[PDB]
Amino acid sequence: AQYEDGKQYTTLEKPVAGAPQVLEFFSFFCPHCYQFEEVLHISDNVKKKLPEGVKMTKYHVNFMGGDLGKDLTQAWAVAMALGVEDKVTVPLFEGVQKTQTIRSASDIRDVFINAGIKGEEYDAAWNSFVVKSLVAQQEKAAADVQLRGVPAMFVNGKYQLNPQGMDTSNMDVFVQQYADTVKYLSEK
């Protein structure tokens, strides 16, 4: 075929019932995720081609950056609960990887404060049970899909994107192929 198992995607030996339709995993410590987010805009470009009635879910993962890694997963939960993903994603990536000014939970908080979220509102979200289960959700989803590496994308708990199996000398073309694959798997 043109899209073959093992080529642009793999198939899960152990499918995951009831999974989010399009599910993406990343980490602010993950250099390819950095590339994926502000150089390639993968998340974006996928949406632009998904049929609609399709929702997209992005979760953070724990297994990079130890203690900070976990702090970041809670912070991403706060971001989701507050609906401020698009105001913190870039400063968080650049704070961890570019300037390296994120070294503690408090520094993560500064990014939110600077992005305009209020202290009391941040601290309350942080400490809230809704954010605890939203952490639990992120972990569960990662747990369900054998996850050892990021970036990672899964479609309908059955298919996993395989970006290594796509051309990379043109970035624009890599993205389009990636998004079209997601759209194919979607209709499967």
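These numbers come from the heavy atoms of this one structure, side chains and all, not from hydrogens, waters or symmetry mates. When a residue number appears, it is its place in the shown sequence, counting from 1.
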Cationic tip of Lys188 within the cone over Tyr159's six-membered ring, i.e. under 6.0 Å and within 45° of the normal?
-> yes
Cation-aromatic face contact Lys58/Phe26, 6.0 Å, 45 degrees =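 Yes, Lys58 lies over the aromatic ring of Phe26.
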Residue pair [X] / [Y]: nearest heavy atoms and the distance that separates them:
X: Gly157; Y: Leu12; answer: O-CD1, 3.2 Å
X: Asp144; Y: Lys140; answer: OD2-NZ, 2.5 Å
X: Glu187; Y: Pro51; answer: OE2-CG, 4.1 Å
X: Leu23; Y: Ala141; answer: CD2-CB, 3.9 Å
X: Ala81; Y: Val131; answer: CB-CG2, 4.0 Å
X: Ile108; Y: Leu68; answer: CD1-CD2, 3.8 Å

Should [X] and [Y] count as side-chain neighbours, where that means a heavy-atom distance under 4.5 Å?
X: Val155; Y: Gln21; answer: no
X: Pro163; Y: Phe174; answer: yes
X: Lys158; Y: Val16; answer: no
X: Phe93; Y: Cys33; answer: yes
X: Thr73; Y: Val61; answer: no
X: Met64; Y: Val150; answer: yes
X: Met153; Y: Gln160; answer: no
X: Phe25; Y: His60; answer: no

When you measure from the side chain of [X] to the backbone of [Y], do you find a donor-acceptor pair of N or O atoms at a distance under 3.5 Å?
X: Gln138; Y: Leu134; result: yes
X: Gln97; Y: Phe28; result: yes
X: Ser133; Y: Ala136; result: no
X: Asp167; Y: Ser169; result: yes
X: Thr89; Y: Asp86; result: no
X: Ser186; Y: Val182; result: no

According to a hydrophobic-cluster definition based on side-chain heavy atoms being under 4.5 Å apart (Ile, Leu, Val, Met, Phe, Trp, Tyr only), do [X] and [Y] belong together?
X: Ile102; Y: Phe29; answer: yes
X: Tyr59; Y: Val22; answer: no
X: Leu40; Y: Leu50; answer: yes
X: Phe154; Y: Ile42; answer: no

Compute the ring centroids of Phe36 and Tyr178, then answer whether they are less than 6.0 Å apart.
->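 Under 6.0 Å, so yes.
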Among all residues two or more places apart in sequence or in another chain, which pass the side chain to side chain donor-acceptor pair (under 3.5 Å) test with [X]?
X: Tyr3; result: none
X: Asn162; result: none
X: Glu24; result: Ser43
X: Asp180; result: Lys49

List, by chain and number, the other hydrophobic cluster members for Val90, where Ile, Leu, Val, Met, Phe, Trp and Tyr join if side-chain heavy atoms come within less than 4.5 Å, directly or indirectly.
->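 Listed partners: none, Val90 stands alone.
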Consider only side-chain N and O atoms of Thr101 and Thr99, and report whether a donor and an acceptor are under 3.5 Å apart.
-> yes
Please output the side-chain donor-acceptor pairs of residues 113-127 that fall under 3.5 Å, not counting sequence neighbours, one pair per line with the distance.
unit_1, atom_1, unit_2, atom_2, d
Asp123, OD1, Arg109, NE, 2.7
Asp123, OD2, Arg109, NH2, 2.9
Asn127, ND2, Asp123, O, 2.6

